[PDB]
Visitor: 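Quick one: this structure, given as structure tokens, is what I'll be asking you about.
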Protein chains: 2
Amino acid sequence: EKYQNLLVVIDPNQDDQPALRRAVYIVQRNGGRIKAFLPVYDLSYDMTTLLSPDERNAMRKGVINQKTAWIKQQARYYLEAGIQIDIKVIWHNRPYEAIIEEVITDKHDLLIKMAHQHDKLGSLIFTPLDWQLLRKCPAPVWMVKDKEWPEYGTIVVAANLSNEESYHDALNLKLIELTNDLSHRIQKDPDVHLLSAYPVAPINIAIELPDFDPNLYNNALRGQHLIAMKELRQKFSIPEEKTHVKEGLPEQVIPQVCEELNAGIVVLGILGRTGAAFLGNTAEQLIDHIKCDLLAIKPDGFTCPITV
Amino acid sequence: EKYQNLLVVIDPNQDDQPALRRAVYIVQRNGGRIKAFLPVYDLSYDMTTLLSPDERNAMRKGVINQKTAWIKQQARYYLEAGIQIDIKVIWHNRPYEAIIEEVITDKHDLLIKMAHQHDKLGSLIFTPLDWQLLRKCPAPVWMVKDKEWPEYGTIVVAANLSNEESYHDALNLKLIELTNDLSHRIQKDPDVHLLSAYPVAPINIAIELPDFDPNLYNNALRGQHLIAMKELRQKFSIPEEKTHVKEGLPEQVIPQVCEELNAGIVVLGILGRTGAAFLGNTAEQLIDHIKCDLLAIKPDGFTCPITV
Ligand SMILES: CCCCCCCCCCC[C@@H](O)CC(=O)O[C@H]1[C@H](O)[C@@H](CO)O[C@H](OP(=O)(O)OP(=O)(O)OC[C@H]2O[C@@H](n3ccc(=O)[nH]c3=O)[C@H](O)[C@@H]2O)[C@@H]1NC(C)=O
Ligand SMILES: CCCCCCCCCCC[C@@H](O)CC(=O)O[C@H]1[C@H](O)[C@@H](CO)O[C@H](OP(=O)(O)OP(=O)(O)OC[C@H]2O[C@@H](n3ccc(=O)[nH]c3=O)[C@H](O)[C@@H]2O)[C@@H]1NC(C)=O
Ligand SMILES: [Cl-]
Ligand SMILES: [Cl-]
């Protein structure tokens, strides 16, 4: 019994809740319970001269009442089927803060939230709230695209096999251990692949360094990837045919290869550490171009900027 | 001579630079100069065991050399025509920080940056870098959509006539003074409109307050808007026919009315103050649904989280 305590971030701008549906799918297969969470507010609450505290509180209670019933209406078939869904609507004017406090306080295992994709060939659309959650939520964040899961969809883990700091390796292990555990709890025959991407040197020759050959750097970075990739696949019983080390800009390559592999989801490590500033740069461009679900996972060391 | 010192944020992912084009259009009409700015980096720089400092610095200089020449190639017709364009490429792995430091240090009057719009009926697409700039840049931020400016396009100032704090009024004045000054420097006959939106109470009746009528609150908020709107239009010589006070959620109404008025641009006040937390909430949803250019302006009081 793991991943039993799921947090769904309800989207207030439409009725249907793909994040709720995904959570139900999970709980039907692995047990557990779901919190359907929505932070709400209203301009009237800030009109403190025009309205009295009692007037503003009447409006506040009205909004909570209405939104709670609206969520229940969306959840009603799931509820009747016996799925444990706790609806939680609270008064809060800074949604990302509200959501992350809920994660910390109730030790949620996964946060699930929908993201829109407009066209078949299109990238997921991320709001500023989505970005805040990706940057700051300490629990894994599952961005569910609002489209059908592809039949025979694969699960792609994007490892960082380039950067030299030891925390990358620990995070790569965490990604794959979690992907293997969770996928097997949900699917009868999960199809897990491992993927890395490395860019090449931006020069042909160095004016000050006559014996330097940048091609040898490209080959070394590739060889570093191949050794690390073999070690990962052996540790986690992934066949060599399902490992992929690819040359090019990661923010271009990883989305492209995910589409070539018919990925239902990409699993990605993201940090909080500030400086590896270029890693958050690459990561944000990569995410911003993904065309499938995203599962973003932080390292064990993560310190959330938000505290309760 | 004002608005003479323009900062263009170059987009590294395509050749054509709508932000540069817009800046040129401005300078041809109002004089001045342009800084075409791009912060660049490369993974090799962080590979400090695999590569030596000299090797990494060779790659660094190569990237700066190449990107500087690439910008010049895009700017070449403008340059030949006599437009003053200073190209500045620097090594930095956190673009939003680099850009804002440039604004602070050289006291740029305007930051201009392109945003994509995919369909005719579509919202502007904002990257995480765009959001960082909107949230944190102390100078006005002009997001230029990558589509033709509409013929006879209007200029719409979205005022906050709801919130009770006095800083809103000062910021409304700043928006209109700037819009009138800059538009007249650029266009021979600018078509400026003023727009406000207010939402209604979320209840019909209050259980604890038998004499309260929420409809009277809706009418009062409207009347507050009408008085403030008249004062603004008289101060800034805008005809009553070009003022619009509209009922509904601002993040829905303002984008919709901008389209109804054939806006080329919406001008919007945004803050840094943290708590008016609901204002940044509304503002982010509004921005995220705009279908025309955006000019985002901070108050005089603004304290930038970034310092040099
Ligand atoms: C390491 C991480 C990787 C692990 C691997 C993860 C693999 C995930 C694979 C996901 C597969 C995906 O297809 C699951 C899925 O969504 O299947 C639905 C199916 O695509 C649909 C159409 O064929 O049929 C079902 O969806 P429906 O929307 O038709 O039914 P429902 O059971 O979801 O909803 C019950 C009723 O409640 C209603 N409802 C539901 C949600 C809501 O917000 N509002 C609402 O009214 C809904 O309209 C419906 O009438 C199916 N619903 C469920 C829960 O299985
Ligand atoms: C309170 C705030 C509100 C104030 C009101 C603001 C109002 C703003 C109104 C803007 C109107 C808008 O139409 C201006 C505009 O973009 O007009 C272009 C016109 O839409 C185009 C097609 O009819 O013709 C022109 O654009 P081109 O791209 O054809 O010529 P150019 O002068 O911009 O470029 C010169 C050459 O350099 C080349 N170039 C330019 C940029 C670049 O990044 N790369 C490049 O190669 C380009 O391809 C071209 O061959 C016109 N270029 C200029 C500078 O006027
Ligand atoms: Cl299955
Ligand atoms: Cl004109």
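For ligands, and for the atoms within them, numbers begin at 1 and follow the listed sequence. In what follows, chains carry the letters A, B, and so on, assigned in the order in which the sequence lines appear, proteins first and then strands, with residues in each chain numbered from 1. The figures that follow rest on heavy atoms only: side chains count, while hydrogens, waters and symmetry mates do not.
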Visitor: Which part of A/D16 is near ligand 1, with near meaning a heavy atom under 4.0 Å away: side chain, backbone, both or neither?
Guide: both
Visitor: Check each atom of ligand 2 against the heavy atoms of B/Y77 and keep those under 4.0 Å away; list them by number with element.
Guide: 35 (C), 36 (C), 37 (O), 38 (C)
Visitor: Would you say that B/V40 contacts B/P12 through its side chain, given a criterion of any heavy-atom pair below 4.5 Å between the two side chains?
Guide: no
Visitor: Is it the case that ligand 1 has an N or O less than 3.5 angstrom from some N or O of A/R22?
Guide: no
Visitor: Are any side-chain N or O atoms of A/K147 and backbone N or O atoms of A/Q117, one a donor and one an acceptor, separated by less than 3.5 Å?
Guide: yes
Visitor: Which ligand 1 atoms, with their elements, are less than 4.0 angstrom from a heavy-atom of A/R21?
Guide: 16 (O), 26 (O), 27 (P), 28 (O), 33 (O), 40 (C), 41 (C), 54 (C)
Visitor: Between B/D86 and B/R33, is there a salt bridge with N-O shorter than 4.0 Å?
Guide: no
Visitor: From the options B/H184, B/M114, B/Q74, B/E151, select the one whose nearest heavy atom is closest to atom 44 (N) of ligand 2.
Guide: B/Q74
Visitor: Verify the neighbour count for atom CD of B/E260: are there more than 12 heavy atoms of other residues, nucleotides or ligands below 6.0 Å?
Guide: yes
Visitor: Under 4.0 Å from a heavy atom of B/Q17: give me the atoms of ligand 2 that qualify, with their elements.
Guide: 42 (C), 43 (O)
Visitor: Do ligand 2 and B/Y78 have nitrogen or oxygen atoms that lie under 3.5 Å from each other?
Guide: yes
Visitor: At under 4.0 Å between heavy atoms, which part of A/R76 makes contact with ligand 1: side chain, backbone, both or neither?
Guide: neither
Visitor: When you measure from the side chain of B/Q66 to the backbone of B/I64, do you find a donor-acceptor pair of N or O atoms at a distance under 3.5 Å?
Guide: no
Visitor: Could you list all the salt bridge (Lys or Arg N to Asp or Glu O under 4.0 Å) pairs where at least one residue sits in residues 17-27 of chain B, not counting sequence neighbours?
Guide: B/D16-B/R21, B/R22-B/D293
